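K.L.:
Have a look at this one.
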Amino acid sequence: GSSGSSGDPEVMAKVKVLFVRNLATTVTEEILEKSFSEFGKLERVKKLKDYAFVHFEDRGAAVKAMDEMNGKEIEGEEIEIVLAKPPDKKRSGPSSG
C-alpha cells in the first residue's frame with residue numbers, strides 16, 4: 001500500500017476545486033459533466049483552455065473523485081488532474097532603487 005502526506009488536513013482539505021488539464025477537443029461539457037457526475041452531484045463545469053473548471057457540492061466529492069479520476073483515460077486522451085490551490089494572500093514588498 002502506497003501513500004504520502006504531511007502538514008495539516010485543513011491545508012489541502014480547504015481546497016474544493018479540481019484542476020483537470022489535458023482535455024479532449026471532441027468531448028463536450030456534457031460528457032465531462034457525466035464523467036464526474038458518476039461520483040457525486042456536480043456543481044458546474046466550464047471549458048477553459050486545455051483544462052476545465054468543475055465545482056463540487058463539497059470537498060469530499062472532489063477528493064473522492066480526483067483520487068480515482070487521477071490517471072484515467074477519457075476519449076482516448078491522457079487527462080491530468082491536480083489540486084487547484086487558491087491565490088492566497090499575496091502582499092507587496094519593497095523595490096529599493
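First residue shown is number 1, and so on along the chain.
Technique stated in the header: solution NMR.
Yeah, the Cβs are placed from backbone N, Cα and C, and that goes for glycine too.
According to the PDB entry, the protein has these features:
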- 1-7: cloning artifact (SEQADV)
- 92-97: cloning artifact (SEQADV)
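Take a look at what Swiss-Prot says about it:
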- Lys34: SUMO2 cross-link (CROSSLNK)
- 16-86: domain 'RRM 3' (DOMAIN)
- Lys41: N6-acetyllysine (MOD_RES)
K.L.:
What are the helix, strand and coil residue counts for the cloning artifact (1-7) according to DSSP?
P.N.:
0 helix, 0 strand, 7 coil
K.L.:
I need the CA-to-CA distance for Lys41 (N6-acetyllysine) versus the residue listed as 'SUMO2 cross-link', whole Å please.
P.N.:
10
